């Protein structure tokens, strides 16, 4: 009876109706996960509409349809014309979504532009969590977490810095000439992702702070929302961001 308000009625995802447009994904823990995921509610977090075990379901996770799909594909699309302002605004929304999740003691572990969705208002939702979770991810993972398989909000912060880099390169693969088994050795040489051409200096400083070698010295998502909202406020949407030819 704790899962009833999560329940609705009369793998991979497919379309769906109720009208409201949705995405439908396809036993005690499933009903538990419904209730927990149902408790997360923030404009920059993908909400669960409800679940279907009936009858028998499969089961079925029903999520709001995101008109514009994943953030990575959206910024990569050559027919899109984002400004510095737009891209930073997307980063600011992810940071707000993560500040909420961190407040709920939730550790994402797979924060990446591919795992964020965009609705018809271009509101960014952090997704790929709860029932909707699916597939290492080496290139987004904090150094300590690669080394110890332990994940924290401070390791999400490192991931968020890589996501900002994605944003500012319009979806370039991070560390392209680097193979995933070798990323630990590469970083321990004293290396970070390079400053994208259309990345403002203060935002590259923010990325570098997100990648601080001491997890405790990284900014919280709350300090990131504050810092990024200030940077965002200085732009007016006159700087068009192009794609690098090498990526």
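Numbering follows the first chain given and starts at 1.
J.: With respect to the deposited sequence, is there a break between residue 10 and residue 11 in this entry, and if so is it 1 to 3, 4 to 9, or 10 or more residues, or none at all?
T.: Per the record, 10 or more deposited residues are absent between residue 10 and residue 11.
J.: Looking at the deposited sequence, how many residues between residue 230 and residue 231 were given no coordinates in the entry: none, 1 to 3, 4 to 9, or 10 or more?
T.: Nothing is missing between them.
J.: Which has the higher mean CA temperature factor in the PDB entry, 75-83 or 91-99?
T.: The deposited B-factors put 75-83 ahead on the C-alpha mean.
J.: Mind pulling up the entry and telling me whether 63-71 or 194-202 has the higher mean Cα temperature factor?
T.: In the deposited entry, the stretch with the higher C-alpha B-factor mean is 63-71.
J.: For the CA B factor values reported in this entry, which option in 187, 37, 208, 215 has the top one?
T.: Out of 187, 37, 208, 215, the record gives the largest C-alpha B-factor to 37.
J.: Select lowest, middle or highest to describe the third in which the CA B-factor of residue 224 falls within its chain in this entry.
T.: Lowest third of the chain for residue 224's C-alpha B-factor.
J.: Report the third (lowest, middle or highest) to which the CA temperature factor of residue 161 belongs, ranking only the modelled residues of the same chain.
T.: Within its chain, residue 161 is a lowest-third residue by C-alpha B-factor, going by the deposited values.
J.: Quick check on the deposited entry: does the C-alpha B-factor of residue 174 sit in the lowest, middle or highest third of its chain?
T.: Ranked within chain, residue 174 CA B lands in the middle tercile.
J.: Would you mind checking where the Cα B-factor of residue 118 ranks among the modelled residues of its chain, as the lowest, middle or highest third?
T.: CA B-factor rank for residue 118: middle third.
J.: Taking only the Cα B-factors deposited for this chain, tell me whether residue 168 sits in the lowest, middle or highest third.
T.: Answer is lowest: the recorded C-alpha B-factor places it there.
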